[PDB]
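In what follows, a structure is listed as C-alpha cells, so that the remarks can point back to it.
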Amino acid sequence: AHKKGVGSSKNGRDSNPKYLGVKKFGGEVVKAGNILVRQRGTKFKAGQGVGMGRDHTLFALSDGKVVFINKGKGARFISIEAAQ
Amino acid sequence: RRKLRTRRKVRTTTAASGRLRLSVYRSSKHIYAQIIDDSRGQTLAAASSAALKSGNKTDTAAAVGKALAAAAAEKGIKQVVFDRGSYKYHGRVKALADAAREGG
Amino acid sequence: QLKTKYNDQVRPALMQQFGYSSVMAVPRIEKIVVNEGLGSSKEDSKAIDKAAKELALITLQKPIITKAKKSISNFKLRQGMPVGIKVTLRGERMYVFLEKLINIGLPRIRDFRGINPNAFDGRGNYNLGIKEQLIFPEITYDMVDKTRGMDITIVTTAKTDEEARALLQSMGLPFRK
Amino acid sequence: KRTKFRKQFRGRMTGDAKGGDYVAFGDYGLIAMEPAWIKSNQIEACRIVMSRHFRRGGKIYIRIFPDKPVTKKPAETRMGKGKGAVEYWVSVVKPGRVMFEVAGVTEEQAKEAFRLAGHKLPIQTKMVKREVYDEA
RNA sequence: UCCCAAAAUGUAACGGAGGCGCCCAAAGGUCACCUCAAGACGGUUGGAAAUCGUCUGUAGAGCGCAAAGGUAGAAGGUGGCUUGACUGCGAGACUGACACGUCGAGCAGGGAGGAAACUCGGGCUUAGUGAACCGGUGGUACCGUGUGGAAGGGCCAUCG
RNA sequence: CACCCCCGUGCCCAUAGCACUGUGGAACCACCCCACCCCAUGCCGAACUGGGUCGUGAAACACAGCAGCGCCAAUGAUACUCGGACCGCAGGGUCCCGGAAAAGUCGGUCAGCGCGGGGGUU
Ligand SMILES: [Mg+2]
Ligand SMILES: [Mg+2]
Ligand SMILES: [Mg+2]
Ligand SMILES: [Mg+2]
Ligand SMILES: [Mg+2]
C-alpha cells in the first residue's frame, strides 16, 4: 500500500468499434424494411414511405425507389417514389 | 404563440393518414372552415360565415359546420382531419366539429 | 372607483398638451407588477408565508413565488429555491391598487418629498422604489412577524420617456421640485 | 514567446505561405524564402538585435508568433509512451510570410537591423518595401 | 465519444484527449401548454450575478452523466390522466469468421392517452455489461425404470 | 388567371429577411368592449376563452417605396488535385494533361408560383 494513486493518470489506449452512415442511395430499389440510413441525430429526416427507428435509423415502409431531397443541411430528407 | 399553429399543422401527418384536412379561422368572427387536399395545392369544399351570418357571430357555430358537412357529401368527401389553428378545441370550434361530425 | 377619472381628466388633456391623430395613439397604462425579492439572507420556511399573506390583503390577489434560475454561484446560490414573490395587476385590479397608492400610500410615507423623475426605462416605462413596509393602508406592526419593504413596476403603452413622464404626473404622482 | 492557455501536443506538414501580406503596419519588412519552425528564442534573438539597433522608440512589428509545441527524449528508452510537453514553442513559417516589419527608421537603418536579424534565423530571408494593398 | 483515419465503410502504436460498470415510478406512455443563454437601461433586503420590468436575441441555453451528432414547428420547461418499462409473433434490412449485437413495418389478444387523425412493445441517440456449466425460487403437469402414484428430471419465468 | 383588393391555406422555406419610410377602417382583419358562468391563469381574462358593438387603424397586419445593413454572387486568376513524368541528403519543390475551389471583385435582389372563399369597377 502507497499514499499516491489508484489508477495512473495520462493515458491513451481507449477507443470503440463503431459503424454508421448511408446504406441505400438515390436511385436504388428497396424492399419494405430495408435500412437506408444509420445516423446519430436527425441528419436526414423521414419522408414518403420512410420510417424512423429508436436510434434515428431510416428504413423503408413500402417497396420502391430511394430519392434524396437536399434543401440545405438540416432540411435533409429521404423518400420512396413508389415504382408499381 | 405563432408556434401553436405550426405545432398542430406539423402533427397533421399529411399523406401517411390518407385523409383530407379541415382548416378553421376562428381567430376572428368570419370562420373559414375549409377542406384542403394534401398532395395538390388545392382546397376542395369550404364554408364561410361572412355570406349571411344568421344574426349570430360566435353562435353561428353549428351553422358553418352544417354548411360544410352538407357541402362535403355534394363532392363525396367522408374521411377528414380537423386542424384547430391555435384554438384550444372547446367552444366556437368544438360545436363546428360536432355539427360536421353529425352531418357526415 | 377610478376609470372615468383616468379618461375625462388625463385622456383628452394629452391631445390638448401634445396632439395625437387618434384616441388610441394616446399613451395608456399596460400593467402594474409588484415584486418581493426577499430570501438569500432570509432563507426561512416561516418567512415564505409572511410577505405572501401580507400581500394577499393589499392587492386582493394570491401571490406567486418566483424560484431561482438554478444558479449555484460561489456565494449562497443554489437550485430553484424560493427567492422572490410576484403579483401582476392589469385593468380592474390595477386601478384599485393605483388609487390606494396616490391617496394612502404616497402621502402617508414618513420622510416623504416626492419620487425620482429622471429618465427611467428609456422606452417609456416606470419602476417605482419603496424603502419600507409600515407605510401602507392595510399594513401595520400589530399582525406581522418583522420589518421589510417591496418594489413596484409600472408598464405603460408610451412610445418615449417624454410621453411617459406626463401620463404618470397628470394621473396624480409626486415629482421632487 | 510561449502561449498562455492550450491543448499540450501537435504534429507536422508544409506548403507555400497562407496569411502574410507585404505592407501592413510597417514601411519595410522581412520575408521568408524557405520553410522552417521558428523557435521562441530565435524570434526573441531577432527582436533584441533590432531593438538595440533602434535604441529608443519601439516600432518593430513581429508578425509571426510561436504557437506549435515540440517534444523530447527524456535521456533514453522507447518502452514508454508519447513525450516531453515542455520542450519548445514554434511558429510554422512558409515562404512569403512576413515575419518582421519596421517603422520610423530609414532604408539604410532598416537594411542593417534586418541584415543582423537574418544571421540569427534558421532560414534565408529577403528585405522588402511598399506597393501591396490587397484587402482592407 | 472525439482525433489520428488519407471527404464511403474499415484501419495500428506502451499515439493525442475524455467518460462508463449506473440512474429515473417519472427523467416512462399520451394529451395539453410553455420557450432559452447573454447584454443594455431602470428600480426593495440589494447593488460583480440575484427576484422585477420593458428593448435587442437560431439558440450564443437546456437535454441526469463523457464527447460527438442532433434538436425551439422541440428532443428543452410545466400539468392532467396513466403502467405499452405489455403477452404471443416477426415482412424485411444493418452488423460481425462465428457466437453475439442493432433497427423494424405489419398481425392477434388485452389495454392507456386523446373529441379525433393517431401514438404507445421504456427513456434524443451512441456506455451502464457477462456464453456455457451447476444450482435457489414461482408457474406448468412433458418424462417418470412391471402398473398406479411419488422422488428426480423437462419446460415457461426468473435469481446467483 | 376578365381586373382590383382582402381573409384563409399551400409549394417554395433570405435573390423570400431586417431597418427606415408612406398609404389602407368601418368589406375583411386587428386592437377594443365587458365576463358571473362554459373554459382558463404554479399570480394576473396578459395568454387561452366566452358575449359584442361602438371607437380607432394607434399598436399589430397587409400593401407600396428604397439598395444603409444582411442574403445571393460571376468572368478572370490562383490554391489544391486524378493520371503521366522528374528534382532535392532532407524539410520540401517542379513540368505535361484533364478536373477544379475558397475568399474577393463585377454585379443581382425589399421574390416567384397555386387552390378556395369574401368584398369592389355608382
Ligand atoms: Mg458570400
Ligand atoms: Mg488525365
Ligand atoms: Mg502526382
Ligand atoms: Mg529521392
Ligand atoms: Mg493545372
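In the C-alpha cells, chains take the letters A, B, ... in the order shown, each chain's residues start at 1, and ligands count up from 1 in the order shown.
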Would you mind listing, for every residue of chain F within 12 Å of ligand 4, the two atoms forming the shortest contact and the distance between them in Å to one decimal, using only C-alpha atoms (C1' of nucleotides) and all ligand atoms, sorted by chain and ascending residue number, as CSV?
```
residue,atom,partner,partner_atom_place_in_ligand_line,distance
F:86,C1',ligand 4,1 (Mg),10.1
F:87,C1',ligand 4,1 (Mg),8.2
F:88,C1',ligand 4,1 (Mg),7.2
F:89,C1',ligand 4,1 (Mg),9.0
F:90,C1',ligand 4,1 (Mg),9.5
F:92,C1',ligand 4,1 (Mg),11.5
F:93,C1',ligand 4,1 (Mg),11.8
```
> Skipping near chain neighbours, those fewer than 4 positions away, what residues fall within 6 Å of region 5-9 of chain B using only C-alpha atoms (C1' of nucleotides), listed as number ranges by chain?
Replying inline: B: 85-86; E: 73
> Tell me, which residues of chain C carry DSSP helix (DSSP H, G or I), written as a ChimeraX atom specification?
Replying inline: /C:4-10,45-58,92-105,141-143,161-170
> From the set A:52, A:82, A:35, A:46, which residue has the shortest atom-to-atom contact distance to chain E, counting only C-alpha atoms (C1' of nucleotides)?
Replying inline: A:35
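The closest residue to chain E, picked from D:17, D:51, D:77, D:3 and counting only C-alpha atoms (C1' of nucleotides), is D:77.
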Could you list, as a PDB file with C-alpha atoms (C1' of nucleotides), in the first residue's frame, all the residues within 6 Å of ligand 2, counting only C-alpha atoms (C1' of nucleotides) and all ligand atoms?
```pdb
ATOM      1  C1'   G F  83      -3.400  10.461 -64.261  1.00  0.00           C
ATOM      2  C1'   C F  97      -2.619  16.515 -69.030  1.00  0.00           C
ATOM      3  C1'   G F  98      -7.585  16.930 -67.641  1.00  0.00           C
TER       4        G F  98
END
```
>> Within 9 Å of ligand 1 (counting only C-alpha atoms (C1' of nucleotides) and all ligand atoms), which residues show up? I'd like them as a ChimeraX atom specification.
In response: /F:71-73,103
Output the selection as a PDB file, in the first residue's frame - N, CA, C and O atoms (P, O5', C5', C4', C3', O3' and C1' of nucleotides) for each residue.
```pdb
ATOM      1  P     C F  71     -24.758  37.724 -44.985  1.00  0.00           P
ATOM      2  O5'   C F  71     -25.808  37.043 -45.986  1.00  0.00           O
ATOM      3  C5'   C F  71     -26.916  36.228 -45.554  1.00  0.00           C
ATOM      4  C4'   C F  71     -27.903  35.973 -46.682  1.00  0.00           C
ATOM      5  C3'   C F  71     -27.249  35.549 -47.989  1.00  0.00           C
ATOM      6  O3'   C F  71     -26.938  34.161 -48.037  1.00  0.00           O
ATOM      7  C1'   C F  71     -28.683  37.334 -48.441  1.00  0.00           C
ATOM      8  P     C F  72     -25.652  33.633 -48.840  1.00  0.00           P
ATOM      9  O5'   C F  72     -26.050  33.781 -50.384  1.00  0.00           O
ATOM     10  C5'   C F  72     -27.135  33.099 -51.017  1.00  0.00           C
ATOM     11  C4'   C F  72     -27.412  33.731 -52.370  1.00  0.00           C
ATOM     12  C3'   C F  72     -26.242  33.686 -53.342  1.00  0.00           C
ATOM     13  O3'   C F  72     -26.121  32.424 -53.990  1.00  0.00           O
ATOM     14  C1'   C F  72     -27.198  35.853 -53.360  1.00  0.00           C
ATOM     15  P     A F  73     -24.713  31.659 -54.077  1.00  0.00           P
ATOM     16  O5'   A F  73     -23.827  32.616 -55.017  1.00  0.00           O
ATOM     17  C5'   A F  73     -24.145  32.750 -56.404  1.00  0.00           C
ATOM     18  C4'   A F  73     -23.632  34.040 -57.023  1.00  0.00           C
ATOM     19  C3'   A F  73     -22.124  34.149 -57.154  1.00  0.00           C
ATOM     20  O3'   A F  73     -21.631  33.387 -58.251  1.00  0.00           O
ATOM     21  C1'   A F  73     -22.996  36.190 -56.349  1.00  0.00           C
ATOM     22  P     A F 103     -16.524  31.724 -50.153  1.00  0.00           P
ATOM     23  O5'   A F 103     -15.428  32.850 -49.818  1.00  0.00           O
ATOM     24  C5'   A F 103     -14.977  33.194 -48.504  1.00  0.00           C
ATOM     25  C4'   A F 103     -13.760  34.090 -48.615  1.00  0.00           C
ATOM     26  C3'   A F 103     -13.974  35.425 -49.318  1.00  0.00           C
ATOM     27  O3'   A F 103     -14.566  36.454 -48.520  1.00  0.00           O
ATOM     28  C1'   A F 103     -12.158  34.392 -50.328  1.00  0.00           C
TER      29        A F 103
END
```
>> Distance limit 9 Å, reference ligand 3, atoms considered: only C-alpha atoms (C1' of nucleotides) and all ligand atoms. Which residues make the cut? Give them as a PyMOL selection string.
In response: chain F and resi 81-84
> Which of these residues is nearest to chain B, using only C-alpha atoms: A:62, A:24, A:49, A:78?
Replying inline: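 Of the candidates, the smallest distance to chain B is held by A:49.
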> Could you pull the residues within 7 Å of residue 83 (chain C), counting only C-alpha atoms (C1' of nucleotides), minus those fewer than 6 positions along the same chain, as a list in words?
Replying inline: residues 37, 38, 39, 40, 66, 67 and 68 of chain C; 51 of chain E
Residues of the last selection are to be written out with N, CA, C and O atoms (P, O5', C5', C4', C3', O3' and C1' of nucleotides), as a PDB file, in the first residue's frame.
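Result written to again_4.pdb:
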```
ATOM      1  N   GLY C  37     -38.594  40.657  -3.694  1.00  0.00           N
ATOM      2  CA  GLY C  37     -37.319  39.962  -3.821  1.00  0.00           C
ATOM      3  C   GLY C  37     -36.629  39.740  -2.493  1.00  0.00           C
ATOM      4  O   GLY C  37     -35.542  40.277  -2.262  1.00  0.00           O
ATOM      5  N   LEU C  38     -37.254  38.928  -1.620  1.00  0.00           N
ATOM      6  CA  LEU C  38     -36.743  38.578  -0.290  1.00  0.00           C
ATOM      7  C   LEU C  38     -35.641  37.498  -0.361  1.00  0.00           C
ATOM      8  O   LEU C  38     -34.811  37.539  -1.274  1.00  0.00           O
ATOM      9  N   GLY C  39     -35.629  36.579   0.609  1.00  0.00           N
ATOM     10  CA  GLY C  39     -34.695  35.462   0.686  1.00  0.00           C
ATOM     11  C   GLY C  39     -33.230  35.836   0.740  1.00  0.00           C
ATOM     12  O   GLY C  39     -32.883  36.915   1.236  1.00  0.00           O
ATOM     13  N   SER C  40     -32.365  34.934   0.197  1.00  0.00           N
ATOM     14  CA  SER C  40     -30.892  34.994   0.146  1.00  0.00           C
ATOM     15  C   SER C  40     -30.309  35.032   1.572  1.00  0.00           C
ATOM     16  O   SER C  40     -29.732  34.041   2.030  1.00  0.00           O
ATOM     17  N   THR C  66     -41.525  33.257  -7.343  1.00  0.00           N
ATOM     18  CA  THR C  66     -40.583  33.140  -8.465  1.00  0.00           C
ATOM     19  C   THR C  66     -39.266  32.524  -8.000  1.00  0.00           C
ATOM     20  O   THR C  66     -38.416  33.222  -7.443  1.00  0.00           O
ATOM     21  N   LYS C  67     -39.116  31.207  -8.226  1.00  0.00           N
ATOM     22  CA  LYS C  67     -37.950  30.404  -7.844  1.00  0.00           C
ATOM     23  C   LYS C  67     -36.668  30.828  -8.575  1.00  0.00           C
ATOM     24  O   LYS C  67     -36.748  31.420  -9.653  1.00  0.00           O
ATOM     25  N   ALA C  68     -35.490  30.545  -7.967  1.00  0.00           N
ATOM     26  CA  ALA C  68     -34.163  30.877  -8.500  1.00  0.00           C
ATOM     27  C   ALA C  68     -33.857  30.175  -9.822  1.00  0.00           C
ATOM     28  O   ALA C  68     -34.294  29.044 -10.031  1.00  0.00           O
TER      29      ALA C  68
ATOM     30  P     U E  51     -33.291  35.190 -10.315  1.00  0.00           P
ATOM     31  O5'   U E  51     -34.295  35.226  -9.077  1.00  0.00           O
ATOM     32  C5'   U E  51     -35.690  35.083  -9.282  1.00  0.00           C
ATOM     33  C4'   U E  51     -36.466  36.169  -8.560  1.00  0.00           C
ATOM     34  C3'   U E  51     -37.075  37.206  -9.489  1.00  0.00           C
ATOM     35  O3'   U E  51     -38.207  36.747 -10.231  1.00  0.00           O
ATOM     36  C1'   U E  51     -36.081  38.318  -7.667  1.00  0.00           C
TER      37        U E  51
END
```
> region 143-145 of chain C: which residues within 10 Å, counting only C-alpha atoms (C1' of nucleotides), same-chain residues fewer than 2 positions away excluded, as a list in words?
Replying inline: residues 46, 47, 50, 51, 53, 54, 139, 140, 141, 147 and 148 of chain C
> So which residues touch residue 61 (chain D) within 12 Å, counting only C-alpha atoms (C1' of nucleotides), skipping near sequence neighbours fewer than 6 positions away, as a list in words?
Replying inline: residues 23, 24, 25, 26, 27, 28, 29, 30, 43, 46, 47, 50, 51, 98, 99, 100, 101, 102, 103 and 104 of chain D
> Within 12 Å of residue 90 (chain B), counting only C-alpha atoms (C1' of nucleotides), which residues qualify if same-chain residues fewer than 3 places away don't, as a PyMOL selection string?
Replying inline: (chain B and resi 26+61+84+86-87+93-98) or (chain E and resi 115) or (chain F and resi 38-40+48-50)
> Which of region 96-126 of chain D counts as strand (DSSP E) under DSSP, as JSON, numbers by chain please?
Replying inline: {"D": [98, 99, 100, 101, 102, 125, 126]}
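Taking CA of residue 65 (chain A) and CA of residue 28 (chain A) as the two end points, the separation is 5.6 Å.
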> So how far away is CA of residue 16 (chain D) from CA of residue 94 (chain D), in Å?
Replying inline: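 Those two atoms sit 5.5 Å apart.
Nearest to chain E of all the residues B:80, B:51, B:15, B:71 is B:80, based on only C-alpha atoms (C1' of nucleotides).
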>> Within 12 Å of chain E, which residues belong to chain D? Use only C-alpha atoms (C1' of nucleotides) and report them as a PyMOL selection string.
In response: chain D and resi 7-11+77-83+85
Those selected residues, please, written with N, CA, C and O atoms and delivered as a PDB file, in the first residue's frame.
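Written out: part-v1.pdb:
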```
ATOM      1  N   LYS D   7      -3.660  23.024 -25.347  1.00  0.00           N
ATOM      2  CA  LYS D   7      -4.012  21.602 -25.545  1.00  0.00           C
ATOM      3  C   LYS D   7      -2.863  20.647 -25.108  1.00  0.00           C
ATOM      4  O   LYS D   7      -3.137  19.530 -24.655  1.00  0.00           O
ATOM      5  N   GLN D   8      -1.598  21.086 -25.269  1.00  0.00           N
ATOM      6  CA  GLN D   8      -0.331  20.396 -24.932  1.00  0.00           C
ATOM      7  C   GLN D   8       0.559  19.941 -26.107  1.00  0.00           C
ATOM      8  O   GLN D   8       1.662  20.463 -26.203  1.00  0.00           O
ATOM      9  N   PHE D   9       0.093  19.007 -27.000  1.00  0.00           N
ATOM     10  CA  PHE D   9       0.891  18.470 -28.140  1.00  0.00           C
ATOM     11  C   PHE D   9       0.329  18.649 -29.592  1.00  0.00           C
ATOM     12  O   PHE D   9      -0.842  18.991 -29.750  1.00  0.00           O
ATOM     13  N   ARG D  10       1.166  18.389 -30.649  1.00  0.00           N
ATOM     14  CA  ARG D  10       0.771  18.603 -32.060  1.00  0.00           C
ATOM     15  C   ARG D  10       1.144  17.534 -33.194  1.00  0.00           C
ATOM     16  O   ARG D  10       0.776  16.369 -33.052  1.00  0.00           O
ATOM     17  N   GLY D  11       1.749  17.967 -34.321  1.00  0.00           N
ATOM     18  CA  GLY D  11       2.072  17.124 -35.479  1.00  0.00           C
ATOM     19  C   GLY D  11       3.195  17.632 -36.373  1.00  0.00           C
ATOM     20  O   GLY D  11       4.311  17.764 -35.881  1.00  0.00           O
ATOM     21  N   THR D  77      15.388   5.118 -23.671  1.00  0.00           N
ATOM     22  CA  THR D  77      14.149   4.331 -23.806  1.00  0.00           C
ATOM     23  C   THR D  77      13.470   4.421 -25.180  1.00  0.00           C
ATOM     24  O   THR D  77      14.124   4.780 -26.159  1.00  0.00           O
ATOM     25  N   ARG D  78      12.160   4.057 -25.220  1.00  0.00           N
ATOM     26  CA  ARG D  78      11.151   3.996 -26.305  1.00  0.00           C
ATOM     27  C   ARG D  78       9.958   3.098 -25.811  1.00  0.00           C
ATOM     28  O   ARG D  78       8.809   3.280 -26.260  1.00  0.00           O
ATOM     29  N   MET D  79      10.273   2.210 -24.781  1.00  0.00           N
ATOM     30  CA  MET D  79       9.472   1.231 -23.983  1.00  0.00           C
ATOM     31  C   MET D  79       8.493   1.962 -22.976  1.00  0.00           C
ATOM     32  O   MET D  79       8.054   1.376 -21.969  1.00  0.00           O
ATOM     33  N   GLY D  80       8.171   3.227 -23.300  1.00  0.00           N
ATOM     34  CA  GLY D  80       7.230   4.112 -22.621  1.00  0.00           C
ATOM     35  C   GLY D  80       6.334   4.738 -23.669  1.00  0.00           C
ATOM     36  O   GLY D  80       6.397   4.341 -24.844  1.00  0.00           O
ATOM     37  N   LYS D  81       5.538   5.760 -23.254  1.00  0.00           N
ATOM     38  CA  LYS D  81       4.549   6.492 -24.085  1.00  0.00           C
ATOM     39  C   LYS D  81       5.007   7.832 -24.747  1.00  0.00           C
ATOM     40  O   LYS D  81       6.206   8.109 -24.730  1.00  0.00           O
ATOM     41  N   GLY D  82       4.074   8.598 -25.362  1.00  0.00           N
ATOM     42  CA  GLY D  82       4.302   9.899 -26.023  1.00  0.00           C
ATOM     43  C   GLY D  82       4.989  10.883 -25.101  1.00  0.00           C
ATOM     44  O   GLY D  82       4.801  10.777 -23.883  1.00  0.00           O
ATOM     45  N   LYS D  83       5.833  11.811 -25.612  1.00  0.00           N
ATOM     46  CA  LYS D  83       6.626  12.573 -24.640  1.00  0.00           C
ATOM     47  C   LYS D  83       6.628  14.134 -24.515  1.00  0.00           C
ATOM     48  O   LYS D  83       5.673  14.809 -24.893  1.00  0.00           O
ATOM     49  N   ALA D  85       6.236  17.410 -23.004  1.00  0.00           N
ATOM     50  CA  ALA D  85       5.328  18.583 -23.142  1.00  0.00           C
ATOM     51  C   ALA D  85       6.062  19.903 -23.365  1.00  0.00           C
ATOM     52  O   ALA D  85       5.892  20.577 -24.399  1.00  0.00           O
TER      53      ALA D  85
END
```
Please report as an mmCIF file with N, CA and C atoms, in the first residue's frame which residues of chain B come no farther than 12 Å from chain A, using only C-alpha atoms.
```cif
data_model
loop_
_atom_site.group_PDB
_atom_site.id
_atom_site.type_symbol
_atom_site.label_atom_id
_atom_site.label_comp_id
_atom_site.auth_asym_id
_atom_site.auth_seq_id
_atom_site.Cartn_x
_atom_site.Cartn_y
_atom_site.Cartn_z
ATOM 1 N N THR B 13 -50.186 14.792 -39.868
ATOM 2 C CA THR B 13 -49.388 13.969 -40.767
ATOM 3 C C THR B 13 -50.188 13.668 -42.024
ATOM 4 N N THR B 14 -49.932 14.554 -42.996
ATOM 5 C CA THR B 14 -50.457 14.720 -44.353
ATOM 6 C C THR B 14 -50.941 13.397 -45.062
ATOM 7 N N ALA B 15 -50.026 12.755 -45.835
ATOM 8 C CA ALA B 15 -50.230 11.568 -46.671
ATOM 9 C C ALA B 15 -50.218 10.186 -45.980
ATOM 10 N N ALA B 16 -49.563 10.065 -44.801
ATOM 11 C CA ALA B 16 -49.499 8.803 -44.050
ATOM 12 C C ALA B 16 -50.901 8.324 -43.668
ATOM 13 N N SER B 17 -51.745 9.270 -43.207
ATOM 14 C CA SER B 17 -53.144 9.088 -42.805
ATOM 15 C C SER B 17 -54.054 8.715 -44.018
ATOM 16 N N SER B 39 -51.831 16.350 -51.112
ATOM 17 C CA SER B 39 -50.928 16.403 -52.267
ATOM 18 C C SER B 39 -51.032 17.681 -53.092
#
```
